[PDB]
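Each chain carries a letter (A, B, C, D, E, F, G, H, I, J and K) given by its place in the written order, and its residues are counted from 1.
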Amino acid sequence: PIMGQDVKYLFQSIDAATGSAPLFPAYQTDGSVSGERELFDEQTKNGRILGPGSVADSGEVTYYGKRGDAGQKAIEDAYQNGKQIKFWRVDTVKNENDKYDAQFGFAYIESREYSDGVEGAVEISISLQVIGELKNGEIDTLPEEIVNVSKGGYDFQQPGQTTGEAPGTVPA
Amino acid sequence: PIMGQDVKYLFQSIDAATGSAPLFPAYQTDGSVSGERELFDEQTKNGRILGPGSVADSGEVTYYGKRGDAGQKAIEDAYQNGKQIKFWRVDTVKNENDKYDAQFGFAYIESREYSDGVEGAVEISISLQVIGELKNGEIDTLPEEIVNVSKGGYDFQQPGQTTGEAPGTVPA
Amino acid sequence: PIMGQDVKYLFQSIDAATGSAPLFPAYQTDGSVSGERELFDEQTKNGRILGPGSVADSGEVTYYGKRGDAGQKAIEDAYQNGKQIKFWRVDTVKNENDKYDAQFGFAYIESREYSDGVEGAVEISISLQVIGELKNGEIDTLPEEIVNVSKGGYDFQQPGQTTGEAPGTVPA
Amino acid sequence: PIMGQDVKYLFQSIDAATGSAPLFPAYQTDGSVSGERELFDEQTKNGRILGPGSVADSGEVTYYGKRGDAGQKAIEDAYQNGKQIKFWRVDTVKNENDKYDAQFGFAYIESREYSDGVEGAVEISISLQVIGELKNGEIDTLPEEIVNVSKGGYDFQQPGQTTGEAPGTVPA
Amino acid sequence: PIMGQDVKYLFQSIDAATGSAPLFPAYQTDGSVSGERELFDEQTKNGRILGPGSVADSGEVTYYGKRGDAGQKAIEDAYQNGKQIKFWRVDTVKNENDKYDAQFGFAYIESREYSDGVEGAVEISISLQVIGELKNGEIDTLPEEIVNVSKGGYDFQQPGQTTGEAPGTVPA
Amino acid sequence: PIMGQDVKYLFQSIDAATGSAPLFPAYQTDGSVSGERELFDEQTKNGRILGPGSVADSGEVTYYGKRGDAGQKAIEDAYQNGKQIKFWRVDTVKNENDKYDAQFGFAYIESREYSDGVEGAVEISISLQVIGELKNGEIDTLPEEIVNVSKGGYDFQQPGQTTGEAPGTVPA
Amino acid sequence: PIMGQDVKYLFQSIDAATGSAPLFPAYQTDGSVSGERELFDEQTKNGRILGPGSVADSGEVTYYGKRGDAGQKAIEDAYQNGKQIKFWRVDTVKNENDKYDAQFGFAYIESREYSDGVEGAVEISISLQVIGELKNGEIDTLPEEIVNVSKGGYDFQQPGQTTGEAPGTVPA
Amino acid sequence: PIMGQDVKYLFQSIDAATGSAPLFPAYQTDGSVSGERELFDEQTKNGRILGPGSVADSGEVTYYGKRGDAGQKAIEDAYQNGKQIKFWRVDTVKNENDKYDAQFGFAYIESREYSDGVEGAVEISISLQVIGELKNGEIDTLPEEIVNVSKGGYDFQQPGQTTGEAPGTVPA
Amino acid sequence: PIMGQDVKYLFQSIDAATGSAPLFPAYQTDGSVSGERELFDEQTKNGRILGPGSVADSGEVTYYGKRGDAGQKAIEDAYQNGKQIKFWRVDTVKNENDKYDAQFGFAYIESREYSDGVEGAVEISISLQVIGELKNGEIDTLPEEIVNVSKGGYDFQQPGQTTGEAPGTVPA
Amino acid sequence: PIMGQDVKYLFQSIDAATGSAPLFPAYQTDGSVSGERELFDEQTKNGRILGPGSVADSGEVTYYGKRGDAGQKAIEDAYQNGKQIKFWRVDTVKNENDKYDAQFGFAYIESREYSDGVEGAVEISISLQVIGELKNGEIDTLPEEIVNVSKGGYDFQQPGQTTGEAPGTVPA
Amino acid sequence: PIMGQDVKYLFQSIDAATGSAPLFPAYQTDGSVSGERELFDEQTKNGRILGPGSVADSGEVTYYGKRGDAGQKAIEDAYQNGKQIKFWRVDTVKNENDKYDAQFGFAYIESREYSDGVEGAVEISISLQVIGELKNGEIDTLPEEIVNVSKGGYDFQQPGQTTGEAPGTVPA
């Protein structure tokens, strides 16, 4: 069906106007908790609980902060300076009508609470509020996170690897 | 007696008007919590706890989201667009007067909160409110979820399987 | 002393007027939580804590739902239709003045909350409110639940068992 | 020092007027939680927190219900009928001025909440309220619970034991 | 006394209604491990060991798989399709009140774990679960496994054996 | 000193009232594992090792099942039906104050787990649980297991032995 | 650095006027939770959260009650009768200006809640309120709890120890 | 990326005016929980949740107390006397524009709650409030906590170490 | 160096006040397993493993039960009745400062688990718990176990030995 | 097929950038344990085994430490200083498509645990972790370990060997 | 290469300031097990196994206790009194840059568990913890354990040896 790796959250800044959708890697658990309230009276009857309510949809997105890769710096530009976020919930599996699919929203951060442990690495917890989801199922997701994530390790170069962990470079 | 597999929740959309009852497969745990309040005074006596109250009956239905099989798209059509759900709580064991039996209701979703983990696959949690259950024990349940769930694995075809996991197809 | 099996709850419907006391089989844990409040002041003194209060006695009765045996349908006739319950808390050990003994009450259900799991079987939780217990220790409990619970297994019939789990029947 | 077995709770009914102090056998964990409030002020200063408050002292006494031995029936005479309790907190170690010592009070039950499990035996939880502790350290505790608890098992009588668990009887 | 050959496990299907009791030959070791739990308590006393427990009685039955002889096909019909087993622990020695004697049960399989080695022959391990054994000393055990197991081999047929290993047939 | 044959376990049923003490023939190894717990604490000190604990003394009693000799049927009456055991750990050597000496207890069985092998004979493992051992050094042990165990074999009766293995009977 | 043993709480009664500082031994975990509030506004700005607040400093002191050693009787004289406590938080490590050091205060007990378990020994929990800590780092701590805690065990006296656990006495 | 060791909190007093940034060693877990509220109405619409709110950013900084190293005494000068703190959140990894980078703030302590256990060492918990973070990424961090944390153990001096744990001194 | 015979465990009762140190004959393997805990920390550093822990020192003392020689009855007086033991770990070789040397303690028994085998003799396992070993090198060990153990056997007494196995007595 | 000598692990440092691939000689047992997790779920169905898992492949590489040959010094530079390893699993037999073949990775050491025995020589155990193996079948393996391993020893040099064990050098 | 005799563990006290390095003779097996933990993450990727962890390096040092030779008395001064150890892992083979080489540390003892057998001699097991090993290759190891260990035995002195086992002294 749909795995815990099959869904990722493409983020886009309000000020770039560049069609790339930088999602930030090293994810963790997530959440799109869609809380829709509802009217209730009794009418001296069994109840009138059928009535609708306003929908407030939150997001608990957790990840790990890498030392560069300024998409999270755009997240902190949205939070600490004060902006909003173009928010995309896209999938990894291939559809046959579109390429992928999504739940879309213009989101605003409640809180950016990150833990700095001792043995565990740091983890950024981020809350989200959005007005209402919008099912903008689209096609191009700029595939640097779907097929690009292949093995981690690359092939070799015996005289000239000149590399730490993140593999595959020319000598100097 | 009745096992944790012996009870499933047949759903039907308000707009289909089609007698098929699409329940959505790949379930998880459930809940039909029937909270009925009660008038309580003391009357300068031991109490008047005998008095009835209004019944508000909720449902915590959890499952896993499959990439197709649009019954859950009818769930999200009822939630996100805003509709109601024809709700059926049917059993799997065979009765001797009817075929199966049920607790019935016209239900309305509070919240659709799904978790996107990392190692575990995604899980959809859904809350339900219903006015009052109605014991419409009926017969036909369109048996694609009672006897049809048999083994998962199918027989073989050695020169011509041409199949991934979900078995049993012709070569093209 | 008194074991966790030594106490069972004989139930009786308000409309049967039948002297049998059908308790329901396949129990789980229970609880008779007797919450009595108290007149609590200070009176410019150490306190007037000695004063009594109203007694509200609840019960958390859990069991497993069996596919027949309509005593639980009498429970649901008391709950969902709206009635009351004749409630008996009897013991299994043999007294020397009476046969058994009891804590008695006319009870009313708050809530009927059952869980439908996946691997665990379904479990019915039921809350109870009663005005006040009454020590009607009586004799006859119709012993189909005291001595009749003996082994589960019966002897055999090799050419003629014709039986599934619950043993001991004639050939058709 | 003082063990968890070294402290037991001698109880006495208000209506017996008999000097025996029936404590109940087969106890469980306990608690004498002494909550004394205090005048909490500031007085445009660092605080006036030195001021005293009223003392409300509770007791969470748990035990297991034996099928006879009517001391617990005197507890239920204090609770279900409605009375008060003469409450003694005595020790097991031998003093050199007295025999034993105690914290004393006239107590009143909040609640009698007992759990009836399935495999675990039943356990009676009892709450207590007292005006104020009083250090009436006395001598005689009627030693059927200090030195009498020795082994449980007794010696034998091979042609004539005629006994179940609790040993040491004559043949009929 | 009683040897390791003196006890064999006669099996019977729930669906046959045939008085034959097919045990399956080529046995290996067995086990009827009767784990009855208990309430061990401390009670500010020496202890409250009196508490009985539920009896969970398992069976480690190992044997060798023969290419026919459909008793093990009835075992796999009870396991893989999902049924139960009429279980018999009978003895080989001759009693004087009955013919033989037994510990009886209605069993359900935990696991059917068989080892396919290389040079050792294949061996089937089967776990068993029963509510409670029942001392059903009976007489007829269809003696094809008490007296009929005599040598393995037979005497001779010098002109007209015409057989493989297991001797004693007419020529074609 | 004391050999592994010098200590045997005389048993007695709770219902017999017969001074015989049936121990069982063809014993195997034993065990009286006396686990007394303790309070070990630290107290911002070196330790609070002073605390005694409850003593739970188990027994691993193994033997071989003989086809009669109903002392093991008294064991299975204590276990499979549900009773207790009068338990005796007596010695074989002669004392000068008494005849023999013992550690005594009232025991309750955890488990009765016997192995049915193939070539080794069957062996019964029995777990035991007692409140506390009691040093009841007594005299009479009904000497059919101290001096009577001499050889097994006897001399002869050349015309009229007419016996199987266990020798020494009259002709028919 | 500072161990969990390196800090102990020297207590002194208000009525003794004796320079000995009886702390009570057999400690357990502790706590000096210093809750200082703060002026909390916004002032149509980012906030005025810089502003100070009143300090309320509590102490969760847990220990085990020894049968004598009346420093805890001075604690119960402060609580149950109603007094105050001179409170010292001193260290065990040696300083090079002073001997030891302290966080000091005049404290008042909220609550004295002790648990009487079954297998665990009793444990006294005590809450503390103090106006404000005062750093009266002093020298003499009457070293019977710093260097005197050495091993617990003492040397011997083979004809004349005459002692239980707490060692080292003359013969009577 | 960024490890749990890669971020440390450089502290500076308001009164020193010394460019050293004494952070206190022996850290534990941390936290910079940035709680920013938001304007919340509905306007007879889907909602006006887009509106910003005030940011209150807290810090849970835990560490272990060392017997000297008076930076924590400057923390206690800020708390117990009443001052403020210059607060730096710097990274350990090397940047290529600056040396390191930081999140800065002028902070004020809510509470200083430390635990004194028995087996575990003491642990200081400290809460922080700050108006707003300021991204003052600077260069020099006085590298006695970035490179100087190398091994702990030093080389040797066999005739003349004269040292306890923290190694490397001259003889006297 | 030091052989397995060179170290023996002299015991002394708490109630005897007799300078004899009864050790027991026919010892078996031993053990003084000194488990001292420690503080294990990481501290955003290489570690703060420095922390000492409490020392909990056990003893696995195994021997063979001789039918008399009541030192083991003093052990069973310490265990089964409930007392403590004066514990001695002395050596056999001669020193030049003292006669012998020792590691000393005051011990308390966890468990007394002895095996009653069949063909091996019985063996007693005893667990020990001590606060802290103390290096009490002393002189006199009452030499009936250092020099007296030479052969067991003696030379002869041809007319009048009149002895069983352990030789050397007068006629009658 | 493939023997236990036919596979060797070529190692390369991250800092060398020299095309030599130093494996370290005197191998012992190895291991590439490829642990790929999975999602096994139940779904009120037969199961949902479809879920892939992350793959964590470990290496148990054991060898013997030679006194020089600095490849193991590069291992200890990766472990004790802290680096990573370019990891190679190559084969010894000659292929016809390439020269040799391999499973490749970028590895990081868990532990370096070596045993220093007495009568056996020392042995180094090393654990390995890799993100993902990659099938990099390549050609050149610098043949000092494929064809060069011929005997260990050489033929002879009768006058002028002048060598220790490892033969074949010029005089001086 | 390197034999099990080629590596020995030179010890030095923290209080001596004597350049001698007393190792203790009669070694047995050893161990320096270097457990360095790591961050193990999945990150909706192939993994983030990259994270370094803290190194906890232990030592299992076993030897035989000689009756003098106070190096082990310095070990017991570190354990039983409470100190630390200067720890040396040096090699026996000769280098050409230095004489020998080492892995060095400052160690603290977990446990000192020694076995006192019967027919085998005693053996001491000692556990070690160190912050971090440091590669301190040095020259002088006080060669009384590298070259001086030659045979054990010496040549002769035929009239005037006058010695026990370890030979080579003057007459008297």
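Note that contacts are C-beta pairs under 8 Å (C-beta built on N, C-alpha and C of every residue); 3 or more make two chains touch, one makes a residue touch a chain.
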Mutual neighbours - chains that touch chain B and chain G alike: none
B-J or A-H, whichever has more C-beta pairs in contact: A-H
Listed chain pair A-H, A-J or B-J that repeats interface D-F [over half of contact pairs the same by residue number]: A-J
Mean-CA-position distance for chain K and chain G (Å): 43
Rounded Å distance, chain H centre to chain K centre (Cα mean): 40
Centroid spacing, where centroids are CA-atom means, of chain D and chain H in whole angstrom: 51
Centre distance in Å when chain H and chain I are each reduced to the mean of their C-alpha atoms: 55
Residues within chain A bordering two or more other chains: 1, 3-5, 26-28, 55, 64, 118-121, 132, 151-152, 165
Chains that touch, pairwise: A-B, A-H, A-I, A-J, A-K, B-C, B-J, B-K, C-D, C-E, C-J, D-E, D-F, D-G, E-F, E-G, F-G, F-H, F-I, G-H, G-I, H-I, H-K, I-K, J-K
Residues of chain I that touch chain H when the two form their complex: 37, 39, 41, 43-48, 50-51, 53-54
Residue ranges of chain C in contact with chain J within the complex: 118-119
Chain C contact footprint on chain B (complex, rising order): 1-7, 27-38, 42, 46-47, 49-50, 52, 55, 91, 93, 132-133, 135
Complex contact set, residues of chain G against chain I: 1, 3, 151-156, 158-165, 167, 171
Chain D residues touching chain E - in the complex, by the definition given at the top: 4-5, 8, 25-28, 63-64, 119-121, 149-152, 165
